[PDB]
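Below you'll find only one chain, the form deposited in one PDB entry, shown as structure tokens.
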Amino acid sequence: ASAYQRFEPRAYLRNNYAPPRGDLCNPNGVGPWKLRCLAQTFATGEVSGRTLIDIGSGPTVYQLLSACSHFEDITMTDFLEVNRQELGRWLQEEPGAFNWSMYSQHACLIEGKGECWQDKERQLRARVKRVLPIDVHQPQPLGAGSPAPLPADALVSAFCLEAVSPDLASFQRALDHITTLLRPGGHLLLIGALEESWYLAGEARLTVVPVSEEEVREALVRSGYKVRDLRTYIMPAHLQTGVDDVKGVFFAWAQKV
């Protein structure tokens, strides 16, 4: 796991959220797809409550753009301090922060409530109350005396679990671990790569467990989830850019029984 110690936030953002993967203009791309799954799910009105926790946020905030308008108390997390630092730079409008505005705009476009992207960001920054350390390999991922209001009404996690797990079983356990933070009847929005085995973050090469959609489905089940929705996006050739070997992306809406 020491690999994550060389993990470079800026190179990750560059490899994953700048063009071409970051070009949101084309509806057929992966960016628009991720935002679409997130927006559609919240527009249902069925994922609701007061507190939400984002698992393995890394240096990215897009995974909460549609979420922030349904949850007044949001908790962001990551294993790496550099990532938490990088998040602070955006939440605080500090210098050299990452530019997420194309995403705020597209979330506003997709949601179709006529909202200006600045209001969207304003609300997100306002509702993220804390950025906490987290280790999903631990039975209590957040630790013992966490400031985060537990249990959460809902969880989000994107491209974390499969990316921090050596194999299927470790993936399963981590899902078990985060699930304990989720209140019964609560909701989980799980996003991640399909059949991926490595990706690069500057000097770091990270190992990934290659999971399939049926494997994701079954794990959610064995964790005590009812799968409300599971969709797949197949990675087009032009977005296979040498920064990894992800074949596709899955999105899961699941509900703790």
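Don't overthink the numbering: it's just position in the shown sequence, from 1. The term rigid core refers to the maximal set of C-alpha atoms that superpose within 1.5 Å between the two forms.
Core-aligned Cα RMS comparison in 8 other deposited structures of this protein - stretch that moves more, 223-231 or 195-203:
Once the cores are fitted, 195-203 deviates more in 8 other deposited structures of this protein.
Comparing C-alpha positions in 8 other deposited structures of this protein against this form, with the rigid core used for the fit, which stretch differs more, 91-99 or 171-179?
So, of the two stretches, the farther one in 8 other deposited structures of this protein is 91-99.
Using only the Cα atoms and their B-factors as the entry lists them, report which of 107-115 and 182-190 averages higher.
Taking the mean B-factor of the alpha carbons in each, 182-190 is higher.
Greater mean Cα temperature factor according to the PDB record, 23-31 or 43-51:
Comparing 43-51 with 23-31, the higher mean C-alpha B-factor belongs to 43-51.
Just grab whichever of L150, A158, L91, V82 has the top CA B-factor as deposited.
Highest CA B-factor of the listed options: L150.
Assigned third (lowest, middle, highest) for the C-alpha B factor of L206:
Within its chain, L206 is a lowest-third residue by C-alpha B-factor, going by the deposited values.
Should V221 be placed in the lowest, middle or highest third of its chain by the C-alpha B factor in the entry?
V221: CA B-factor falls in the highest third of its chain.
Should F250 be placed in the lowest, middle or highest third of its chain by the C-alpha B factor in the entry?
For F250, the deposited C-alpha B-factor lands in the lowest third.
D176's Cα B-factor: lowest, middle or highest third of the chain?
It belongs to the lowest third of the chain when residues are ordered by C-alpha B-factor.
Give the position of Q138 by CA B-factor within its chain, expressed as the lowest, middle or highest third.
Highest third of the chain for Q138's C-alpha B-factor.
Below, we refer to the form deposited with a small molecule bound, which is not included among the displayed structures.
Please tell me whether any heavy atom belonging to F159 falls inside 4.5 Å of a heavy atom of the small molecule, as the geometry stands in the bound PDB entry.
Contact check for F159: yes, within 4.5 Å of the small molecule in the bound PDB entry.
Does the 4.5 Å heavy atom contact test between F42 and the small molecule in the bound PDB entry come out positive?
No, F42 sits far enough from the small molecule in the bound PDB entry that none of its heavy atoms falls within 4.5 Å.
Since only the chain is shown here, I'm wondering whether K34 would be in contact with the small molecule in the bound PDB entry (any heavy atom pair within 4.5 Å).
Heavy-atom contact with the small molecule at 4.5 Å: present for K34.
With the partner left out of view, is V30 within 4.5 angstroms of the small molecule in the bound PDB entry by any non-hydrogen atom?
Residue-level check for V30: yes, a contact with the small molecule.
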